[PDB]
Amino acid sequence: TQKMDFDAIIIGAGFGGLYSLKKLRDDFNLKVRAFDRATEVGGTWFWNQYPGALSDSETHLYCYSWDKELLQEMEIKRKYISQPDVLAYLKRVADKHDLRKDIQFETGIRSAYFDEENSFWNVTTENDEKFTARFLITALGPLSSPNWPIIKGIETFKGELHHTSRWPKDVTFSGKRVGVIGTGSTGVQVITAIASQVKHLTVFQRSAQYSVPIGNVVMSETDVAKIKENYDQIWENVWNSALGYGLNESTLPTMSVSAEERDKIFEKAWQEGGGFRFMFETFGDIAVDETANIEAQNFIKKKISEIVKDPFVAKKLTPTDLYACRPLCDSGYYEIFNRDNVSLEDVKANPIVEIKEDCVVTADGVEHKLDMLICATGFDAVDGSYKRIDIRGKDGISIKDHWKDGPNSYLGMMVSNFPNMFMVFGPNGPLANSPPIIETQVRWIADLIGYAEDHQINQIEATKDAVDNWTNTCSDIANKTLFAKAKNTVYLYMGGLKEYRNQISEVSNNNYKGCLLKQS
């Protein structure tokens, strides 16, 4: 009966898809084919090429760890790695391991239907090409379709209108009046990078957020060669940590030291740089205790009032949140608002009501004349990338229907009613550095598929109770955190990378409890 085109089909050629291809094809000798709409590997690092695109984690850790030779060969130019260098790195990964011969570029996957009779997947591209594979590996990433601001007359603007997710080449800023909507991580990076290049910059800020310096500096040859000399212990620290950012994750309570010592600890992380460092290397209860969280707020607020000299602009930049989850990272964001060519518009108190052929109009009637409008307004949720595909498992239920109230899964990798489908960097996963999470899930999925090939089972599916057990574990951990109060279905597992690896290890050791292994 079953002919089958491949043993596994992968959707995505980013960090998750490239390692899924390497592990399944070369270490388990399976017949694999990967698909991506992009013309080249990279994932978000191919799509997102906006000004100032920079990694949150340091260069020596935002990479693969499974190729020891690649680690020694790796270019560590600056403390953090820019978008063109991440793209070049992932291209080198594809070059060394001969990955492109099994990737079909310029090809979008329209639908994936599970055949309960033969226990494989019917995958159809957007160009009506049909492939069959026993297993479906979905490496879609954490971000979905670009989120545009719903503003009356947005289609009327005659100037340049760019979304940061679709940043075109050859964009020039000199002599232009530019506006930026959005002050998230992407907006902060764009604003800091282009303020000195434009004639005038207007920042349309709906919600001011906390941001700490990133401290991106050049890495000397002694800085680099010494990292590669201790790379084995560095990665052992990652697997033994909660975030995988190479931090000395603190257990010290914030209010257990004096105000003078508390200031020294915050200042030390402020000088070194890093958003996760300021939160989790300083003290161990910043995300848990309200009094601790407020202390971290007041340090950044004090830094804002000192950097921007106009106290009324500093007031507009100061977040009104009672509690603060994650701060952003910047390379001179607050210094930008001291410039003569930068205007900050509080769009919560003075909302945008309309934009015309040459301007953005706020509620006060002021027409902000612009030659270019940049929308750094974010994306849809992680489950959007899945609901954007026509995925149907048992009985024909679509992932649109099964996740109509939000995403749920088992260990962040398996979905009930969708057998032989394994998610890489999917929802309900851990909150940590992405490459360590991706590597952890790809190795776990590959070991289960190899365990399947030897024990002659052809269908793997997580039970409904195992998924609901995972939702309880995530909610039990998250409700101990202030992350629930500030900005049912639980989107993230918050136990850390080490405890997440403990969770999935107990499953693989206990004969994959919660999963249903059908023999043939």
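Position 1 is the first residue in the sequence shown; the rest follow in order.
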Check the residues of the deposited sequence separating residue 487 from residue 488 and report how many of them have no coordinates, as none, 1 to 3, 4 to 9, or 10 or more. 10 or more
Higher average CA B factor in the deposited record is what I'm after, so tell me if that's 343-351 or 395-403. 395-403
Ranked by mean Cα B-factor in the entry, 219-227 and 183-191, top stretch is 219-227
Out of 127, 207, 298, 197, highest CA B-factor residue: 127
Going by the entry, which of 53, 32, 477, 38 has the most elevated CA B factor? 477
Assert third(CA B-factor, residue 388) within chain per record equals highest
Tell me, lowest, middle or highest third: where does the Cα B factor of residue 261 rank within its chain? highest
With respect to C-alpha B-factor, does residue 70 fall in the lowest, middle or highest third of the chain as deposited? middle
Just say lowest, middle or highest third for the CA B-factor of residue 373 relative to the other modelled residues in its chain. lowest
Is residue 21 in the lowest, middle or highest third of its chain when residues are ranked by C-alpha B-factor? lowest
